[PDB]
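Trainee: The structure file model28.pdb (PDB, C-alpha atoms (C1' of nucleotides) and all ligand atoms) is provided below.
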ATOM      1  CA  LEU K   7     -72.572  70.660 -52.788  1.00  0.00           C
ATOM      2  CA  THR K   8     -72.761  71.523 -49.103  1.00  0.00           C
ATOM      3  CA  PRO K   9     -71.334  69.661 -46.083  1.00  0.00           C
ATOM      4  CA  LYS K  10     -74.822  68.530 -45.070  1.00  0.00           C
ATOM      5  CA  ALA K  11     -75.690  67.196 -48.521  1.00  0.00           C
ATOM      6  CA  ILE K  12     -72.339  65.405 -48.607  1.00  0.00           C
ATOM      7  CA  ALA K  13     -72.929  63.775 -45.229  1.00  0.00           C
ATOM      8  CA  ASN K  14     -76.382  62.814 -46.471  1.00  0.00           C
ATOM      9  CA  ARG K  15     -74.700  61.250 -49.487  1.00  0.00           C
ATOM     10  CA  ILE K  16     -72.603  59.205 -47.051  1.00  0.00           C
ATOM     11  CA  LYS K  17     -75.671  58.058 -45.136  1.00  0.00           C
ATOM     12  CA  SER K  18     -77.774  57.393 -48.242  1.00  0.00           C
ATOM     13  CA  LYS K  19     -74.809  55.427 -49.555  1.00  0.00           C
ATOM     14  CA  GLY K  20     -74.878  53.317 -46.410  1.00  0.00           C
ATOM     15  CA  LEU K  21     -76.996  50.275 -47.294  1.00  0.00           C
ATOM     16  CA  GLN K  22     -79.122  49.007 -44.452  1.00  0.00           C
ATOM     17  CA  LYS K  23     -81.441  46.362 -43.009  1.00  0.00           C
ATOM     18  CA  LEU K  24     -84.347  44.875 -44.959  1.00  0.00           C
ATOM     19  CA  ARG K  25     -86.748  46.323 -42.413  1.00  0.00           C
ATOM     20  CA  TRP K  26     -87.978  48.792 -45.024  1.00  0.00           C
ATOM     21  CA  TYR K  27     -87.399  46.549 -48.070  1.00  0.00           C
ATOM     22  CA  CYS K  28     -90.374  45.361 -50.124  1.00  0.00           C
ATOM     23  CA  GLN K  29     -89.688  42.720 -52.738  1.00  0.00           C
ATOM     24  CA  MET K  30     -93.160  42.983 -54.305  1.00  0.00           C
ATOM     25  CA  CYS K  31     -92.124  46.470 -55.347  1.00  0.00           C
ATOM     26  CA  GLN K  32     -88.436  45.566 -55.138  1.00  0.00           C
ATOM     27  CA  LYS K  33     -88.504  48.972 -53.464  1.00  0.00           C
ATOM     28  CA  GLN K  34     -86.324  49.230 -50.388  1.00  0.00           C
ATOM     29  CA  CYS K  35     -88.343  52.071 -48.990  1.00  0.00           C
ATOM     30  CA  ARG K  36     -87.054  53.990 -46.009  1.00  0.00           C
ATOM     31  CA  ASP K  37     -87.310  54.762 -42.389  1.00  0.00           C
ATOM     32  CA  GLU K  38     -90.140  53.655 -40.049  1.00  0.00           C
ATOM     33  CA  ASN K  39     -92.712  52.538 -42.480  1.00  0.00           C
ATOM     34  CA  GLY K  40     -91.222  51.372 -45.754  1.00  0.00           C
ATOM     35  CA  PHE K  41     -93.312  48.255 -46.012  1.00  0.00           C
ATOM     36  CA  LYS K  42     -96.683  49.485 -44.770  1.00  0.00           C
ATOM     37  CA  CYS K  43     -96.244  52.563 -46.951  1.00  0.00           C
ATOM     38  CA  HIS K  44     -95.813  50.310 -49.927  1.00  0.00           C
ATOM     39  CA  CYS K  45     -99.072  48.777 -48.679  1.00  0.00           C
ATOM     40  CA  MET K  46    -100.792  52.167 -48.489  1.00  0.00           C
ATOM     41  CA  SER K  47     -99.633  52.918 -52.026  1.00  0.00           C
ATOM     42  CA  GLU K  48    -101.949  51.430 -54.643  1.00  0.00           C
ATOM     43  CA  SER K  49     -98.959  49.558 -56.060  1.00  0.00           C
ATOM     44  CA  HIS K  50     -98.473  47.090 -53.187  1.00  0.00           C
ATOM     45  CA  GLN K  51    -102.225  46.551 -53.434  1.00  0.00           C
ATOM     46  CA  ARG K  52    -102.116  45.218 -57.008  1.00  0.00           C
ATOM     47  CA  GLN K  53     -98.844  43.494 -56.196  1.00  0.00           C
ATOM     48  CA  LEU K  54     -99.908  41.508 -53.124  1.00  0.00           C
ATOM     49  CA  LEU K  55    -103.110  40.932 -55.074  1.00  0.00           C
ATOM     50  CA  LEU K  56    -101.148  39.131 -57.789  1.00  0.00           C
ATOM     51  CA  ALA K  57     -99.201  37.386 -55.025  1.00  0.00           C
ATOM     52  CA  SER K  58    -102.313  35.923 -53.389  1.00  0.00           C
ATOM     53  CA  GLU K  59    -103.525  35.147 -56.912  1.00  0.00           C
ATOM     54  CA  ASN K  60    -100.508  32.911 -57.636  1.00  0.00           C
ATOM     55  CA  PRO K  61     -98.728  32.331 -54.319  1.00  0.00           C
ATOM     56  CA  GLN K  62     -96.598  29.331 -55.305  1.00  0.00           C
ATOM     57  CA  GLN K  63     -95.024  30.791 -58.365  1.00  0.00           C
ATOM     58  CA  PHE K  64     -93.378  33.721 -56.620  1.00  0.00           C
ATOM     59  CA  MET K  65     -91.826  31.542 -53.928  1.00  0.00           C
ATOM     60  CA  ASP K  66     -90.128  29.397 -56.559  1.00  0.00           C
ATOM     61  CA  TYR K  67     -89.342  32.280 -58.915  1.00  0.00           C
ATOM     62  CA  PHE K  68     -87.435  34.154 -56.206  1.00  0.00           C
ATOM     63  CA  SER K  69     -85.958  30.987 -54.732  1.00  0.00           C
ATOM     64  CA  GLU K  70     -84.238  30.235 -58.012  1.00  0.00           C
ATOM     65  CA  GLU K  71     -83.233  33.820 -58.827  1.00  0.00           C
ATOM     66  CA  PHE K  72     -81.442  33.955 -55.475  1.00  0.00           C
ATOM     67  CA  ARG K  73     -80.045  30.452 -55.842  1.00  0.00           C
ATOM     68  CA  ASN K  74     -78.359  31.135 -59.166  1.00  0.00           C
ATOM     69  CA  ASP K  75     -77.089  34.428 -57.755  1.00  0.00           C
ATOM     70  CA  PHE K  76     -75.417  32.622 -54.886  1.00  0.00           C
ATOM     71  CA  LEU K  77     -73.809  30.013 -57.114  1.00  0.00           C
ATOM     72  CA  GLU K  78     -72.644  32.917 -59.250  1.00  0.00           C
ATOM     73  CA  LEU K  79     -70.996  34.889 -56.476  1.00  0.00           C
TER      74      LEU K  79
ATOM     75  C1'   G G   1    -124.401  47.101  20.935  1.00  0.00           C
ATOM     76  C1'   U G   2    -125.934  51.540  23.780  1.00  0.00           C
ATOM     77  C1'   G G   3    -130.269  53.516  26.706  1.00  0.00           C
ATOM     78  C1'   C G   4    -135.687  53.304  28.423  1.00  0.00           C
ATOM     79  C1'   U G   5    -140.708  51.283  30.063  1.00  0.00           C
ATOM     80  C1'   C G   6    -143.737  53.578  37.663  1.00  0.00           C
ATOM     81  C1'   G G   7    -142.524  46.861  31.306  1.00  0.00           C
ATOM     82  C1'   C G   8    -143.782  41.105  33.091  1.00  0.00           C
ATOM     83  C1'   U G   9    -140.813  42.642  37.631  1.00  0.00           C
ATOM     84  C1'   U G  10    -137.017  40.299  39.661  1.00  0.00           C
ATOM     85  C1'   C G  11    -132.548  41.885  39.528  1.00  0.00           C
ATOM     86  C1'   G G  12    -131.985  35.690  37.027  1.00  0.00           C
ATOM     87  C1'   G G  13    -134.583  35.121  32.143  1.00  0.00           C
ATOM     88  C1'   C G  14    -138.481  37.129  28.139  1.00  0.00           C
ATOM     89  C1'   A G  15    -140.670  41.204  25.609  1.00  0.00           C
ATOM     90  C1'   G G  16    -141.850  46.109  23.801  1.00  0.00           C
ATOM     91  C1'   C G  17    -139.666  50.524  22.491  1.00  0.00           C
ATOM     92  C1'   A G  18    -135.559  54.877  21.047  1.00  0.00           C
ATOM     93  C1'   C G  19    -131.811  54.207  18.055  1.00  0.00           C
ATOM     94  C1'   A G  20    -127.168  52.245  15.525  1.00  0.00           C
ATOM     95  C1'   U G  21    -128.624  51.269   8.122  1.00  0.00           C
ATOM     96  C1'   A G  22    -125.853  47.583   4.002  1.00  0.00           C
ATOM     97  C1'   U G  23    -117.619  47.177   3.397  1.00  0.00           C
ATOM     98  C1'   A G  24    -115.485  45.581  -0.479  1.00  0.00           C
ATOM     99  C1'   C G  25    -111.232  46.067  -8.888  1.00  0.00           C
ATOM    100  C1'   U G  26    -113.255  41.341  -1.354  1.00  0.00           C
ATOM    101  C1'   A G  27    -108.732  36.806  -4.733  1.00  0.00           C
ATOM    102  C1'   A G  28    -101.785  35.322  -1.788  1.00  0.00           C
ATOM    103  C1'   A G  29    -104.161  36.419  -8.439  1.00  0.00           C
ATOM    104  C1'   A G  30    -105.558  31.941 -10.626  1.00  0.00           C
ATOM    105  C1'   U G  31    -103.651  32.227 -15.741  1.00  0.00           C
ATOM    106  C1'   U G  32    -101.812  34.315 -20.171  1.00  0.00           C
ATOM    107  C1'   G G  33     -97.017  35.383 -23.615  1.00  0.00           C
ATOM    108  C1'   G G  34     -91.981  39.568 -26.023  1.00  0.00           C
ATOM    109  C1'   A G  35     -88.582  42.412 -27.798  1.00  0.00           C
ATOM    110  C1'   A G  36     -81.203  44.691 -27.447  1.00  0.00           C
ATOM    111  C1'   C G  37     -77.255  48.082 -32.298  1.00  0.00           C
ATOM    112  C1'   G G  38     -76.093  43.006 -26.640  1.00  0.00           C
ATOM    113  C1'   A G  39     -71.569  39.380 -27.454  1.00  0.00           C
ATOM    114  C1'   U G  40     -68.733  37.691 -31.166  1.00  0.00           C
ATOM    115  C1'   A G  41     -67.476  37.396 -36.056  1.00  0.00           C
ATOM    116  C1'   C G  42     -67.095  39.710 -40.428  1.00  0.00           C
ATOM    117  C1'   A G  43     -66.662  43.711 -43.090  1.00  0.00           C
ATOM    118  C1'   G G  44     -65.332  48.210 -44.675  1.00  0.00           C
ATOM    119  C1'   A G  45     -67.253  54.856 -46.768  1.00  0.00           C
ATOM    120  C1'   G G  46     -68.796  50.181 -51.107  1.00  0.00           C
ATOM    121  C1'   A G  47     -68.572  55.123 -55.728  1.00  0.00           C
ATOM    122  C1'   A G  48     -73.716  52.671 -58.354  1.00  0.00           C
ATOM    123  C1'   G G  49     -77.184  59.101 -57.977  1.00  0.00           C
ATOM    124  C1'   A G  50     -77.339  63.981 -60.939  1.00  0.00           C
ATOM    125  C1'   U G  51     -82.885  60.902 -59.691  1.00  0.00           C
ATOM    126  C1'   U G  52     -82.332  68.179 -64.312  1.00  0.00           C
ATOM    127  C1'   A G  53     -86.100  72.798 -59.308  1.00  0.00           C
ATOM    128  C1'   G G  54     -88.839  74.493 -55.167  1.00  0.00           C
ATOM    129  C1'   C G  55     -94.032  75.692 -52.446  1.00  0.00           C
ATOM    130  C1'   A G  56     -98.608  73.889 -52.149  1.00  0.00           C
ATOM    131  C1'   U G  57    -103.484  71.051 -51.975  1.00  0.00           C
ATOM    132  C1'   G G  58    -103.720  66.706 -48.241  1.00  0.00           C
ATOM    133  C1'   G G  59    -105.552  63.768 -42.838  1.00  0.00           C
ATOM    134  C1'   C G  60     -99.005  61.060 -45.388  1.00  0.00           C
ATOM    135  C1'   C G  61     -97.742  59.470 -41.081  1.00  0.00           C
ATOM    136  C1'   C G  62     -94.139  58.470 -36.705  1.00  0.00           C
ATOM    137  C1'   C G  63     -89.727  60.489 -33.478  1.00  0.00           C
ATOM    138  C1'   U G  64     -87.006  63.890 -30.412  1.00  0.00           C
ATOM    139  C1'   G G  65     -88.536  68.069 -27.914  1.00  0.00           C
ATOM    140  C1'   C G  66     -92.281  71.361 -22.383  1.00  0.00           C
ATOM    141  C1'   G G  67     -93.386  73.746 -26.650  1.00  0.00           C
ATOM    142  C1'   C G  68     -99.107  77.786 -30.904  1.00  0.00           C
ATOM    143  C1'   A G  69     -90.125  76.665 -30.183  1.00  0.00           C
ATOM    144  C1'   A G  70     -87.354  74.277 -32.881  1.00  0.00           C
ATOM    145  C1'   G G  71     -85.972  69.863 -35.306  1.00  0.00           C
ATOM    146  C1'   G G  72     -86.088  65.010 -37.816  1.00  0.00           C
ATOM    147  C1'   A G  73     -88.333  61.245 -41.917  1.00  0.00           C
ATOM    148  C1'   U G  74     -91.336  59.598 -45.066  1.00  0.00           C
ATOM    149  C1'   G G  75     -96.624  58.495 -49.931  1.00  0.00           C
ATOM    150  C1'   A G  76     -97.280  60.316 -57.325  1.00  0.00           C
ATOM    151  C1'   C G  77    -100.368  56.051 -62.974  1.00  0.00           C
ATOM    152  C1'   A G  78    -103.213  62.267 -58.037  1.00  0.00           C
ATOM    153  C1'   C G  79    -106.569  59.234 -64.992  1.00  0.00           C
ATOM    154  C1'   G G  80    -111.506  57.982 -68.911  1.00  0.00           C
ATOM    155  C1'   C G  81    -115.303  59.716 -66.776  1.00  0.00           C
ATOM    156  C1'   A G  82    -117.358  62.442 -71.519  1.00  0.00           C
ATOM    157  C1'   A G  83    -122.982  69.736 -71.757  1.00  0.00           C
ATOM    158  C1'   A G  84    -124.556  66.739 -74.852  1.00  0.00           C
ATOM    159  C1'   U G  85    -127.323  66.706 -80.755  1.00  0.00           C
ATOM    160  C1'   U G  86    -130.294  62.743 -82.732  1.00  0.00           C
ATOM    161  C1'   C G  87    -134.712  59.873 -82.597  1.00  0.00           C
ATOM    162  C1'   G G  88    -137.744  56.800 -79.723  1.00  0.00           C
ATOM    163  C1'   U G  89    -140.575  56.297 -75.195  1.00  0.00           C
ATOM    164  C1'   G G  90    -143.762  57.453 -71.401  1.00  0.00           C
ATOM    165  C1'   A G  91    -146.200  61.633 -68.182  1.00  0.00           C
ATOM    166  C1'   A G  92    -148.761  66.237 -68.045  1.00  0.00           C
ATOM    167  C1'   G G  93    -151.393  70.147 -70.284  1.00  0.00           C
ATOM    168  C1'   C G  94    -154.349  72.666 -74.316  1.00  0.00           C
ATOM    169  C1'   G G  95    -157.998  71.853 -78.561  1.00  0.00           C
TER     170        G G  95
HETATM  171 ZN    ZN K 101     -94.036  47.186 -51.486  1.00  0.00          ZN
END
Please, can you express the file's structure as structure tokens?
Ligand SMILES: [Zn+2]

Mentor:
Amino acid sequence: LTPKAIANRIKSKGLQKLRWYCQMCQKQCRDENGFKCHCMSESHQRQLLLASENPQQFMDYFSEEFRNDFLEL
RNA sequence: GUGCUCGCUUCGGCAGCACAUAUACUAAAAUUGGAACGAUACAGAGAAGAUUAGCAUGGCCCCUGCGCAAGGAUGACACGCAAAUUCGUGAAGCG
């Protein structure tokens, strides 16, 4: 609508570093917490809970998902 | 260390007295371990977004800023909790 919102659409289009990405949520949160704010949210709690519950299924799960993706591309 | 005893009493020594009252992360540190929007290289506004409202509660936090300026950027599965009888139980009291 406005010049500011349009510039913000440019920025928010710009796709950036993992530093705020959480896989457990698959939520690339944003801007100076991201990850720890997942953690604060009850979600990341249940999620890292399940992770510690079955640590060596997620490693392999993701490893493959990625691996097939890379062959694909 | 200063000064004094009609001090021993010479001027050499000893004593007694008057004071003068307790520095200081004392270490040459012993040790201990890290990050850049840096260089290159790439790459190229990557539409995917209409996510159809805003303000709250609230301590959800960090940054710029001298700010009781100003300004950034963020958290929603925010719920089931149950007023309400029914008997049973025990306790008390009265006869
Ligand atoms: Zn997360």

Trainee: Rank nothing, just name the residue among G:15, G:56, G:24, G:45 nearest to chain K, using only C-alpha atoms (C1' of nucleotides).

Mentor: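 Between G:15, G:56, G:24, G:45, the residue approaching chain K most closely is G:45.
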
Trainee: Hey, could you make a per-residue contact list for chain G against chain K with 9 Å as the cut-off, showing the nearest pair of atoms and its distance in Å to one decimal, counting all atoms listed in the file, sorted by chain and number, as a Markdown table?

Mentor:
| residue | atom | partner | partner_atom | distance |
| --- | --- | --- | --- | --- |
| G:45 | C1' | K:16 | CA | 6.9 |
| G:46 | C1' | K:19 | CA | 8.1 |
| G:47 | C1' | K:19 | CA | 8.8 |
| G:61 | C1' | K:39 | CA | 8.7 |
| G:62 | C1' | K:38 | CA | 7.1 |
| G:73 | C1' | K:37 | CA | 6.6 |
| G:74 | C1' | K:37 | CA | 6.8 |
| G:75 | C1' | K:43 | CA | 6.6 |

Trainee: Could the residues in this selection be saved with C-alpha atoms (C1' of nucleotides) as a PDB file, in the frame of the given file?

Mentor:
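Saved file out_6.pdb follows:
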ATOM      1  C1'   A G  45     -67.253  54.856 -46.768  1.00  0.00           C
ATOM      2  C1'   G G  46     -68.796  50.181 -51.107  1.00  0.00           C
ATOM      3  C1'   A G  47     -68.572  55.123 -55.728  1.00  0.00           C
ATOM      4  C1'   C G  61     -97.742  59.470 -41.081  1.00  0.00           C
ATOM      5  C1'   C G  62     -94.139  58.470 -36.705  1.00  0.00           C
ATOM      6  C1'   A G  73     -88.333  61.245 -41.917  1.00  0.00           C
ATOM      7  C1'   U G  74     -91.336  59.598 -45.066  1.00  0.00           C
ATOM      8  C1'   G G  75     -96.624  58.495 -49.931  1.00  0.00           C
TER       9        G G  75
END

Trainee: With only C-alpha atoms (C1' of nucleotides) and all ligand atoms counted, collect every polymer residue having an atom within 8 Å of ligand ZN 101 (chain K); state the result as a PyMOL selection string.

Mentor: chain K and resi 27-33+35+40-45+49-50+53

Trainee: Report the distance between atom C1' of residue G:72 and atom CA of residue K:14 in Å, rounded to one decimal place.

Mentor: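 Taking atom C1' of residue G:72 as the start and atom CA of residue K:14 as the end point, the length is 13.2 Å.
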
Trainee: Separation of atom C1' of residue G:80 and atom CA of residue K:52, in Å?

Mentor: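 One can read the atom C1' of residue G:80 to atom CA of residue K:52 distance as 19.8 Å.
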